[PDB]
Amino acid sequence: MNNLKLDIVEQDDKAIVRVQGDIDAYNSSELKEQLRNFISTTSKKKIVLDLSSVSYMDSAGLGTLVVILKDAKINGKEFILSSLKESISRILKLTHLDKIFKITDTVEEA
(Lines of atoms letter the chains of each structure in order from A and count residues from 1; the text may use other names and numbers.)
(Lines give C-alpha, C1' and ligand atoms only; values in the text may rest on other atoms or scores of the structure.)
Protein backbone atom coordinates (compact mmCIF):
# COMPACT_ATOMS: atom_id res chain seq x y z
CA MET A 1 0.00 0.00 0.00
CA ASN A 2 2.12 2.81 -1.41
CA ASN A 3 1.81 6.38 -2.76
CA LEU A 4 -0.94 8.99 -2.40
CA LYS A 5 -0.11 12.52 -1.25
CA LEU A 6 -2.94 15.07 -0.81
CA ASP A 7 -2.30 18.83 -1.14
CA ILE A 8 -5.46 20.67 -0.05
CA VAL A 9 -6.06 24.38 -0.75
CA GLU A 10 -9.32 26.18 0.09
CA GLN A 11 -10.23 29.47 -1.58
CA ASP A 12 -13.33 31.13 -3.05
CA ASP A 13 -16.12 28.58 -2.85
CA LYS A 14 -13.70 25.73 -3.58
CA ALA A 15 -11.82 23.10 -1.64
CA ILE A 16 -9.03 22.13 -4.00
CA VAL A 17 -7.51 18.68 -3.44
CA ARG A 18 -4.30 18.22 -5.42
CA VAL A 19 -3.79 14.49 -5.75
CA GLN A 20 -0.24 13.22 -6.14
CA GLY A 21 0.19 9.63 -7.19
CA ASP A 22 -2.13 7.31 -9.01
CA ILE A 23 -5.50 6.27 -7.72
CA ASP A 24 -5.52 2.53 -7.67
CA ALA A 25 -5.99 -0.51 -5.47
CA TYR A 26 -2.93 0.39 -3.40
CA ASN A 27 -4.17 3.76 -2.20
CA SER A 28 -7.87 3.93 -3.04
CA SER A 29 -8.94 3.14 0.55
CA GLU A 30 -6.66 5.89 1.83
CA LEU A 31 -8.05 8.30 -0.75
CA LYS A 32 -11.57 7.52 0.30
CA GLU A 33 -11.01 8.10 3.98
CA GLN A 34 -9.07 11.35 3.58
CA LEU A 35 -11.76 12.76 1.29
CA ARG A 36 -14.46 11.40 3.62
CA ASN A 37 -13.03 13.26 6.60
CA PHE A 38 -12.29 16.41 4.62
CA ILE A 39 -15.80 16.60 3.18
CA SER A 40 -17.31 16.37 6.65
CA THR A 41 -15.26 19.28 8.02
CA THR A 42 -15.13 21.90 5.26
CA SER A 43 -17.44 24.86 4.69
CA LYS A 44 -16.75 25.05 0.95
CA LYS A 45 -19.51 23.96 -1.33
CA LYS A 46 -17.36 22.63 -4.17
CA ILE A 47 -14.78 19.85 -3.81
CA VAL A 48 -12.40 19.91 -6.74
CA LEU A 49 -9.94 17.03 -7.25
CA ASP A 50 -7.00 18.38 -9.25
CA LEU A 51 -5.76 15.28 -11.03
CA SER A 52 -3.00 17.08 -12.92
CA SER A 53 -0.43 14.66 -11.50
CA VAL A 54 -2.46 11.45 -11.75
CA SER A 55 -1.31 9.30 -14.64
CA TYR A 56 -3.04 6.01 -13.79
CA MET A 57 -6.26 4.61 -12.36
CA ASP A 58 -7.43 0.99 -12.19
CA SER A 59 -10.88 -0.40 -11.47
CA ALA A 60 -10.52 -0.05 -7.72
CA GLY A 61 -9.63 3.64 -8.29
CA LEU A 62 -12.58 4.32 -10.62
CA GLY A 63 -14.96 2.63 -8.15
CA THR A 64 -13.61 4.75 -5.27
CA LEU A 65 -14.11 7.98 -7.21
CA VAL A 66 -17.68 6.95 -8.10
CA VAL A 67 -18.59 6.39 -4.45
CA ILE A 68 -16.74 9.52 -3.26
CA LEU A 69 -18.83 11.49 -5.71
CA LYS A 70 -21.93 10.04 -4.04
CA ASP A 71 -20.66 10.68 -0.52
CA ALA A 72 -20.02 14.32 -1.46
CA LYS A 73 -23.50 14.89 -2.79
CA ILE A 74 -24.94 13.18 0.30
CA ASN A 75 -23.06 15.83 2.24
CA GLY A 76 -24.60 18.57 0.13
CA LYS A 77 -21.46 19.35 -1.82
CA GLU A 78 -20.59 19.50 -5.50
CA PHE A 79 -17.78 17.22 -6.63
CA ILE A 80 -15.64 18.09 -9.68
CA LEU A 81 -12.64 16.52 -11.40
CA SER A 82 -10.23 19.04 -12.97
CA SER A 83 -6.99 19.15 -15.05
CA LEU A 84 -6.95 15.53 -16.20
CA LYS A 85 -3.98 14.22 -18.13
CA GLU A 86 -5.00 12.59 -21.43
CA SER A 87 -4.55 9.08 -20.03
CA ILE A 88 -7.28 9.72 -17.46
CA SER A 89 -9.50 11.71 -19.76
CA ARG A 90 -9.13 8.59 -21.96
CA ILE A 91 -10.07 6.03 -19.27
CA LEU A 92 -13.17 8.09 -18.26
CA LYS A 93 -14.43 8.42 -21.86
CA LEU A 94 -13.85 4.70 -22.60
CA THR A 95 -15.74 3.59 -19.51
CA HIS A 96 -18.37 6.31 -20.03
CA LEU A 97 -17.76 7.55 -16.50
CA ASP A 98 -17.64 11.01 -18.14
CA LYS A 99 -21.48 10.68 -18.12
CA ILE A 100 -21.35 10.71 -14.30
CA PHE A 101 -18.49 13.01 -13.32
CA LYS A 102 -18.57 16.77 -13.73
CA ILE A 103 -15.14 17.53 -15.27
CA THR A 104 -13.45 20.87 -15.93
CA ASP A 105 -10.38 21.76 -17.92
CA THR A 106 -8.77 23.85 -15.18
CA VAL A 107 -9.29 24.11 -11.42
CA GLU A 108 -10.09 27.86 -11.66
CA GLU A 109 -13.03 27.07 -13.96
CA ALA A 110 -14.70 24.76 -11.49
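Note that residue numbering follows the sequence shown and begins at 1.
Of the two segments, 31-39 and 56-64, the one listed with the higher mean B-factor is 31-39 (C-alpha atoms only).
In this entry, the higher average B-factor at the C-alpha atoms falls on 44-52, of the pair 44-52 and 65-73. For residue 100, the recorded CA temperature factor ranks within the lowest third of the chain's modelled residues. Residue 93: CA B factor in the lowest third of modelled residues in this chain (values from the PDB entry). When the modelled residues of the chain are ordered by C-alpha B-factor, residue 19 sits in the middle third.
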